[PDB]
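Worksheet: the structure to be examined is printed underneath.
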Protein chains: 2
Amino acid sequence: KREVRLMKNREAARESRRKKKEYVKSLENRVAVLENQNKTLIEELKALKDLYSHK
Amino acid sequence: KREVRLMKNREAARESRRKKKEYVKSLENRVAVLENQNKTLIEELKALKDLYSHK
DNA sequence: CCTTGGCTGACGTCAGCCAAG
DNA sequence: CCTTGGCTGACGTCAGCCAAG
Ligand SMILES: [Mg+2]
């Protein structure tokens, strides 16, 4: 029926919600991780900076 | 009254749906901002190590 | 060159929670 | 402590889109 299309679309949306959820999580990770990198790198670049032309 | 609230409520849900929005945007952004500073430091690194100790 | 249907924004409503009155 | 406001999540509906025949 119209009643069937309704159900599917119900369910759909549900799934469809999980997703966004997930993709935002993931994003929320990444950044963390990127945040990691980026900081460590800067600590790296520091120390090398730390022993120049030799000391 | 029952209505009045609904109405108020409905406008909250709007504003909020919007804070989310942006939020995912924000993320999406720094994700790349990060992504960026990130290559760069590495190159910057890539530089100085091999230009370290003398060559 | 059309029909479909899946997918997904956006809405408004119902719940519960957590300040702040 | 109330209780009562606001905010937020999860939910169903509805509308429009673009692939896949
Ligand atoms: Mg949303």
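Residue numbering restarts at 1 for every chain of the structure tokens, chains are lettered A, B, ... in their displayed order, and ligands are numbered from 1 as they appear.
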
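A distance search around ligand 1 (8 Å at most, only C-alpha atoms (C1' of nucleotides) and all ligand atoms) returns the following protein and nucleic acid residues: residues 20 of chain A; 17, 18, 20 and 21 of chain B.
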
**Message:** Pairing every C-alpha atom in order, fit chain A onto chain B and give me the RMSD in Å.
**Reply:**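 That comparison of chain B with chain A gives 0.7 Å.
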
**Request:** May I have the residues within 12 Å of residue 19 in chain C as a PyMOL selection string, using only C-alpha atoms (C1' of nucleotides) and disregarding those fewer than 4 positions away in the same chain?
**Result:** chain D and resi 4-7

**12 Å contact set for residue 8 in chain C, only C-alpha atoms (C1' of nucleotides), chain neighbours under 2 positions out, as a list in words** =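 Result of the neighbour search: residues 9, 12, 13, 14, 15, 16, 17, 18, 19 and 20 of chain A; 6 and 10 of chain C; 14, 15, 16, 17 and 18 of chain D.
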
Cut-off 10 Å: closest chain D/chain A atom pairs per residue, using only C-alpha atoms (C1' of nucleotides), as CSV:
residue,atom,partner,partner_atom,distance
D:10,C1',A:17,CA,9.4
D:11,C1',A:14,CA,8.6
D:12,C1',A:10,CA,6.6
D:13,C1',A:6,CA,8.5

Restricted to N, CA, C and O atoms (P, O5', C5', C4', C3', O3' and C1' of nucleotides), what would the selected residues look like written as a short mmCIF file (atom, residue, chain, number, x, y, z; two decimals), in the first residue's frame?
data_model
loop_
_atom_site.label_atom_id
_atom_site.label_comp_id
_atom_site.auth_asym_id
_atom_site.auth_seq_id
_atom_site.Cartn_x
_atom_site.Cartn_y
_atom_site.Cartn_z
P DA D 10 20.38 9.49 19.70
"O5'" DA D 10 19.05 8.74 19.25
"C5'" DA D 10 18.17 8.30 20.26
"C4'" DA D 10 16.77 8.44 19.74
"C3'" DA D 10 16.58 7.81 18.36
"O3'" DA D 10 15.61 6.79 18.41
"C1'" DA D 10 15.53 9.88 18.53
P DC D 11 15.42 5.95 17.08
"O5'" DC D 11 13.96 6.32 16.59
"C5'" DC D 11 12.92 6.41 17.55
"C4'" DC D 11 11.92 7.37 16.98
"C3'" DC D 11 11.48 6.98 15.60
"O3'" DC D 11 10.51 5.98 15.74
"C1'" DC D 11 11.60 9.31 15.95
P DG D 12 10.05 5.26 14.42
"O5'" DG D 12 9.22 6.44 13.74
"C5'" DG D 12 7.81 6.36 13.74
"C4'" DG D 12 7.23 7.53 13.00
"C3'" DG D 12 6.95 7.27 11.54
"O3'" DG D 12 5.56 7.40 11.33
"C1'" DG D 12 8.09 9.38 11.84
P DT D 13 4.99 7.13 9.87
"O5'" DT D 13 5.12 8.53 9.06
"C5'" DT D 13 4.73 9.74 9.67
"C4'" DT D 13 4.82 10.95 8.74
"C3'" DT D 13 4.64 10.76 7.24
"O3'" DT D 13 3.66 11.68 6.72
"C1'" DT D 13 6.60 12.06 7.70
#

**Request:** Please return, as a ChimeraX atom specification, all residues of chain A lying within 12 Å of chain B when only C-alpha atoms are considered.
**Result:** /A:20-55

**Message:** Just to confirm, what's the straight-line distance from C1' of residue 9 in chain D to CA of residue 5 in chain A in Å (one decimal)?
**Reply:** 25.5 Å

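Interatomic distance, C1' of residue 20 in chain C to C1' of residue 3 in chain D: 11.3 Å.
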